[PDB]
Amino acid sequence: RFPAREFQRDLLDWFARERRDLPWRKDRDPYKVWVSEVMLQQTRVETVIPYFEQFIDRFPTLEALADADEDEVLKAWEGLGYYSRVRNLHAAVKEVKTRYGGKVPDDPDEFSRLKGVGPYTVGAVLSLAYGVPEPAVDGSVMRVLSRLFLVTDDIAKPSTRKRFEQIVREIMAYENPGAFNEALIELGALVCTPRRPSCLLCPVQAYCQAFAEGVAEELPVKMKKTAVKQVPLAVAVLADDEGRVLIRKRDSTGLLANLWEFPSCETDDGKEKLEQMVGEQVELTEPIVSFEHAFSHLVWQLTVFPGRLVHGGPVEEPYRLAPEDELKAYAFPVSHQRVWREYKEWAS
DNA sequence: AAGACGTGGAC
DNA sequence: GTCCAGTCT
Ligand code: SF4
Ligand code: NA
């Protein structure tokens with residue numbers, strides 16, 4: 001019982017007028033669409049634009065990305081967040097090069113088989129680049145649809161998303177699915193804002209149940225996030241006579257996977273506990289700073305300890321000896337990028 | 001299902 | 001402080 005064409009025409013017409021000239025919107029190349037869509041996951045547009053430009057300059061084609069070293073891609077993603085995204089993407093393009101020859105699959109099931117690609121990305125990439133009419137329901141669309149159709153379901157349950165996707169199937173403009181999908185996302189970004197929605201400027205105010213009932217400001221429905229754990233972290237900054245610095249690569253599974261870091265222990269006696277780990281030859285000074293750094297699911301409480309490094313053997317993996325002049329090359333998390341900043345300030 | 005998984009911007 | 005900008009497991 002939806003005036004689908006009336007809603008479609010107003011939304012699609014409004015999108016052509018208000019469409020932002022974003023970098024990934026210069027064309028409909030799947031690789032560039034695929035890169036932008038992954039980057040945009042849980043990340044604001046304004047944050048992504050520069051990463052996308054540097055990334056695409058370093059990796060202009062799917063084959064360039066697949067052919068690149070794992071550490072080269074991680075550096076390009078340095079500071080963007082959720083780094084498993086890029087590791088999954090780097091693997092996914094490698095599969096596309098070998099399995100599909102470098103042509104991004106146009107089949108939803110085939111593309112959804114690739115790593116890091118879920119329901120939104122299949123809809124987004126395939127609807128825009130190839131025209132496949134698969135729904136592209138992100139958090140923004142779920143808010144838009146929860147207001148257009150007054151849905152109280154918790155948008156957290158995967159099932160609630162499934163309903164919205166089925167809604168998109170029926171209201172979609174199968175005529176131009178790609179333009180229909182990105183119109184919802186652009187509407188969610190520009191008009192149906194998370195707070196203080198501008199429903200008077202909305203091209204689809206008439207077709208919106210929530211605005212009629214006056215409760216758009218009270219949607220979407222979502223459970224309050226669980227409180228995060230607090231994790232004390234002791235961090236060692238170690239220098240030898242020649243100014244080289246001890247850094248180590250984190251394991252490829254779990255938190256900040258394959259990122260380089262200054263050696264640390266989750267000391268829940270920091271200086272002693274740091275000094276025990278290293279033995280498996282150096283001594284530490286008193287702390288110089290303590291600062292916090294937030295994750296989605298926990299908070300690090302860091303404390304930086306300067307120290308001197310005496311070489312009694314080869315610096316074996318995962319550790320590596322890095323001159324100060326070479327640290328700029330490795331990819332560090334923002335947390336340990338701040339460890340270094342505070343360390344050099346203290347040196348001054 | 002719900003926790004793991006980064007970082008930054010706007011309230 | 002809160003909320004927001006998906007996929008794997
Ligand atoms: S009328 Fe208001 S609630 Fe409805 S889609 Fe537009 S901005 Fe969102
Ligand atoms: Na997948």
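Reckoned from all heavy atoms, side chains included, excluding hydrogens, waters and symmetry mates. To find a chain, count down the sequence lines: A is the first, B the second, and so on, and within it residues start at 1.
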- Report yes or no: is there a donor-acceptor pair, N or O only, under 3.5 Å between the side chain of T43(A) and the base of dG6(B)?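 Result: at least one qualifying N/O pair found.
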- Donor-acceptor pair under 3.5 Å: do we get one between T47(A)'s side chain and the base of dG8(B)?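 No, no donor-acceptor pair under 3.5 Å.
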- Tell me, with the steps shown, if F55(A) and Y51(A) meet ring pair (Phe, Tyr, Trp, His ring centres under 6.0 Å). CA-CA 6 Å; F55(A) 185 98; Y51(A) 279 96; 9.5 Å; no
Proximity of [X] and [Y] rings by center, below 6.0 Å:
{"X": "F149(A)", "Y": "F2(A)", "value": "yes"}
{"X": "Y343(A)", "Y": "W346(A)", "value": "yes"}
{"X": "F262(A)", "Y": "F332(A)", "value": "yes"}
{"X": "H90(A)", "Y": "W77(A)", "value": "no"}

- Message: Considering every strand and a 4.0 Å limit on heavy-atom distances, what is the contact class for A294(A): base, sugar-phosphate, or nothing?
- Response: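 The residue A294(A) makes base contact.
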- Message: Output the rounded distance in Å from CZ (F52(A)) to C1' (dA5(C)).
- Response: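 Those two atoms, CZ and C1', are 17 Å apart.
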- Nearest-angstrom distance from the residue atom CD of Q41(A) to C1' of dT7(B):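 About 14 Å, once rounded to whole Å.
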- Query: Using a cut-off of less than 4.0 Å, is there contact between a side-chain N or O of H297(A) and OP1 or OP2 of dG3(B)?
  - Reply: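 Indeed not, no polar side-chain atom of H297(A) lies that close.
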- Message: If the cut-off is 4.0 Å, is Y82(A) near the phosphate of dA5(C), judged by side-chain N/O to OP1 or OP2?
- Response: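 The answer is no; no side-chain N or O of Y82(A) sits under 4.0 Å from OP1 or OP2.
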- Item | Watson-Crick and G-U pairing of DNA chain C, under 3.5 Å, as dot-bracket with | and [ ] | ||||||||.
- Message: Strictly below 4.0 Å, N to O, side chains only: are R85(A) and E37(A) in salt-bridge contact?
- Response: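 No.
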- Message: Work out how far the P atom of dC3(C) is from that of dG6(B), and round it to whole angstrom.
- Response: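 The same atom, P, in both gives a distance of 22 Å.
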- Item | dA5(C) versus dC5(B) - spacing of their P atoms, nearest Å |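 After rounding to an integer number of Å, I get 22 Å for this pair.
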